[PDB]
Amino acid sequence: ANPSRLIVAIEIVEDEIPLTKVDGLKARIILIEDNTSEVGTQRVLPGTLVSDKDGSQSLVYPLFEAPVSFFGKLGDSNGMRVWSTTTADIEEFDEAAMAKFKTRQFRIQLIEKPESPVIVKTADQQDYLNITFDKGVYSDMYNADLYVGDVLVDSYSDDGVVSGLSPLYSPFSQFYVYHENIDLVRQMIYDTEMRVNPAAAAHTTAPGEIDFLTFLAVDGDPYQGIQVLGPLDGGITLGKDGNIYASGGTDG
């Protein structure tokens, strides 16, 4: 009756964190479980976090949302991984593209259980897809558009034409990005950090360059104005090994 679904969100509050206090942010990645609402209609809402500093309450910002392509509880076997790029790693990434468009480059990969989980290769047979959460970014390195919304489904799909094989379809039928929420979240972290650690403006020159998922700065270094909350603290670790699955699949 109902597809499984993945909704990724971020819970943030203002608090005194440690700076290894100081005034910055307490954040944690969370999943919202809803297969009822129409896709793209999650709201920013107060979470369960409170602030030791001033009694303020956390807010929860839906970031993105992806429905599974097919009915059934088995759709709950679909999920994904996501991580930001860094001028610290083994692989490189499109540094001039980022420069030009002042946005951050991310890698997303689809996965399936049984779990390590199994990696769903893209059509062109790559292990992962290079994306930006912003529109208009075109990469000369990968000669592709990078915007997730425009490219993911399409990339894990293959109508079979010049391919000659059985049409291939993506396990996720659409990737909806909450642009406004993301911009709201990045600004928040950009501001906080420019204040806390103003040298960080050297490579983080725009709010659009903020990694709001794994909270690494471009240089590779985790922002000094964020204190991340892992599973110990009600959170979810994203990243190369950070597995998240769709849910709420119903058979009827």
# chains A, B, ... in the order shown; residues from 1 in each chain; ligands from 1

call {"tool": "residues_around", "arguments": {"residues": "residue 37 in chain A", "least_positions_apart": "5", "cutoff": "12 Å", "atoms": "only C-alpha atoms", "output": "MDAnalysis selection string"}}
result
chainID A and resid 2:3 5 7 32 42:43 65 67

call {"tool": "write_last_selection", "arguments": {"atoms": "C-alpha atoms", "output": "short mmCIF file (atom, residue, chain, number, x, y, z; two decimals), in the first residue's frame"}}
result
data_model
loop_
_atom_site.label_atom_id
_atom_site.label_comp_id
_atom_site.auth_asym_id
_atom_site.auth_seq_id
_atom_site.Cartn_x
_atom_site.Cartn_y
_atom_site.Cartn_z
CA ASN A 2 2.76 2.46 0.95
CA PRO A 3 6.37 2.89 -0.11
CA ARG A 5 10.69 6.36 2.88
CA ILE A 7 13.64 11.53 5.57
CA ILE A 32 11.80 11.28 10.47
CA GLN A 42 7.78 18.07 6.28
CA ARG A 43 7.92 21.11 8.57
CA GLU A 65 13.44 13.10 1.54
CA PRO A 67 10.62 7.52 -1.30
#

call {"tool": "closest_atom_pairs", "arguments": {"of": "range 171-190 of chain A", "to": "range 212-216 of chain A", "cutoff": "9 Å", "atoms": "only C-alpha atoms", "output": "tab-separated table"}}
result
residue	atom	partner	partner_atom	distance
A:182	CA	A:212	CA	8.1
A:185	CA	A:212	CA	7.4
A:186	CA	A:212	CA	6.5
A:189	CA	A:212	CA	8.0

call {"tool": "select_by_dssp", "arguments": {"residues": "range 141-226 of chain A", "states": "alpha helix (DSSP H)", "output": "short mmCIF file (atom, residue, chain, number, x, y, z; two decimals) with C-alpha atoms, in the first residue's frame"}}
result
data_model
loop_
_atom_site.label_atom_id
_atom_site.label_comp_id
_atom_site.auth_asym_id
_atom_site.auth_seq_id
_atom_site.Cartn_x
_atom_site.Cartn_y
_atom_site.Cartn_z
CA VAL A 148 21.09 15.71 -6.47
CA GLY A 149 17.43 16.38 -7.29
CA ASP A 150 18.22 16.44 -11.00
CA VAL A 151 20.65 13.58 -11.26
CA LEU A 152 20.24 10.76 -8.72
CA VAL A 153 17.20 8.82 -9.84
CA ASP A 154 18.31 9.35 -13.43
CA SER A 155 21.78 8.01 -12.60
CA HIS A 179 16.46 24.10 0.02
CA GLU A 180 15.15 26.74 2.39
CA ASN A 181 15.81 24.57 5.46
CA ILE A 182 19.33 23.78 4.25
CA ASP A 183 20.14 27.44 3.68
CA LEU A 184 18.75 28.22 7.14
CA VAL A 185 20.91 25.49 8.67
CA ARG A 186 24.11 26.45 6.87
CA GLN A 187 23.84 30.13 7.70
CA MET A 188 23.43 29.21 11.32
CA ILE A 189 26.62 27.13 11.33
CA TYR A 190 28.56 29.60 9.18
CA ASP A 191 27.70 32.47 11.53
CA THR A 192 28.37 30.53 14.72
CA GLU A 193 31.72 29.46 13.40
CA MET A 194 32.89 32.77 11.93
CA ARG A 195 32.35 34.15 15.39
CA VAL A 196 33.87 31.21 17.31
#

call {"tool": "residues_around", "arguments": {"residues": "residue 241 in chain A", "least_positions_apart": "3", "cutoff": "12 Å", "atoms": "only C-alpha atoms", "output": "ChimeraX atom specification"}}
result
/A:80-83,108-111,115-119,214,236-238,244

call {"tool": "closest_residue", "arguments": {"among": "A:104, A:121, A:73, A:113", "to": "residue 252 in chain A", "atoms": "only C-alpha atoms"}}
result
A:73

call {"tool": "closest_residue", "arguments": {"among": "A:57, A:249, A:49, A:218", "to": "residue 205 in chain A", "atoms": "only C-alpha atoms"}}
result
A:218

call {"tool": "residues_around", "arguments": {"residues": "residue 9 in chain A", "least_positions_apart": "2", "cutoff": "9 Å", "atoms": "only C-alpha atoms", "output": "list in words"}}
result
residues 7, 11, 28, 29, 30, 31, 32, 60, 61, 62, 63, 64 and 65 of chain A
